[PDB]
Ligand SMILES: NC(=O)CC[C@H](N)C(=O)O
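Only one chain is shown below, in structure tokens, and it's the form solved without the ligand.
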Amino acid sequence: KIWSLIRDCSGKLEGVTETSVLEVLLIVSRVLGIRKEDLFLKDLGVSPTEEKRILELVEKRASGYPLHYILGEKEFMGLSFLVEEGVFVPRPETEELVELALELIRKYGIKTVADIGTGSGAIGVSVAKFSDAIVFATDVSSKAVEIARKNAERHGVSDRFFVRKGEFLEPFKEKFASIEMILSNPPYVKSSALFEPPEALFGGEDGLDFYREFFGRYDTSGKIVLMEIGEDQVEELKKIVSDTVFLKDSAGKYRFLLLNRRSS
């Protein structure tokens, strides 16, 4: 059977994953070359090369290597984002930033938006696909820039999502002024601490370098700045940026900084 294979592949993963069966289900679909809902048909056996690939990938995973890198894909705001080693894998917590972002575009009629450190493009691509905004996106990784460009093509929004390599908004200076809302899910981990990129997790000794450099260099008058943040960085953020508000996600951990300097 392939349902035994499935059940043995998973015990192998009551390590790294809490959701071993589902991760097995997904690794199986991907080798068999199939949509996940096809696993249920009859005449669904898995023939060698196949069974071969599955324990292969299955153990590459018991190790802690990322599922989504194996899968080549991660769903975020209901969309399929291509991901590969070198790109940060979108996290569920971040969908919250986007829905808050969307509520903001509707509330104000915002038309131009930026997404600092785009990664796979999860934030800006979703904002583009689900609103009328135009989005300027940046990443220091040329590998993120690439994948993000394709995810934009992949979702029909290359005409409203532009990514440029470089840091912060340095590559879009010509556009700084016209930008109404600045979005980011930047590195915020105490570097005073895994297969995702360092550039993407680490925020210096205290995990704030990113905000210190940003609110330090950019004049934000007239703009709405919405950024994801570490659970424990509120009190210290209140001193780099004094007029910000701070929201909790669906869980109750503070997760977002909102600095609304739009007017009237």
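All residue numbers refer to positions in the sequence shown, first residue = 1.
J.: Indicate whether the chain is continuous between residue 193 and residue 194 or, if not, how many deposited residues are absent from the coordinates: none, 1 to 3, 4 to 9, or 10 or more.
T.: 4 to 9 residues are missing.
J.: Looking only at CA atoms, which has the higher mean B factor in the entry: 241-249 or 12-20?
T.: So the stretch with the higher mean C-alpha B-factor is 12-20.
J.: Comparing average C-alpha B factors as deposited, tell me which of 220-228 and 197-205 sits higher.
T.: Mean B over CA atoms: larger for 197-205.
Beyond what is shown, the protein has a form solved in complex with the ligand; the following relates to that form.
J.: Within 4.5 Å, heavy atoms only, which of 155, 175, 91, 111 is in contact with the ligand in the entry with it bound?
T.: Answer to the contact question: 91.
J.: Does any part of residue 201 reach within 4.5 Å of the ligand in the entry with it bound? Heavy atoms only, please.
T.: Yes.
J.: Do residue 189 and the ligand share at least one heavy atom pair within 4.5 Å in the entry with it bound?
T.: Heavy-atom contact with the ligand at 4.5 Å: present for residue 189.
J.: Does residue 185 make contact with the ligand in the entry with it bound, using a 4.5 Å heavy atom cut-off?
T.: Residue 185: yes, in contact with the ligand in the entry with it bound.
J.: Spot the stretch among 102-110, 126-134, 83-91, 155-163 with residues whose non-hydrogen atoms come within 4.5 Å of the ligand in the entry with it bound.
T.: The contacting stretch is 83-91.
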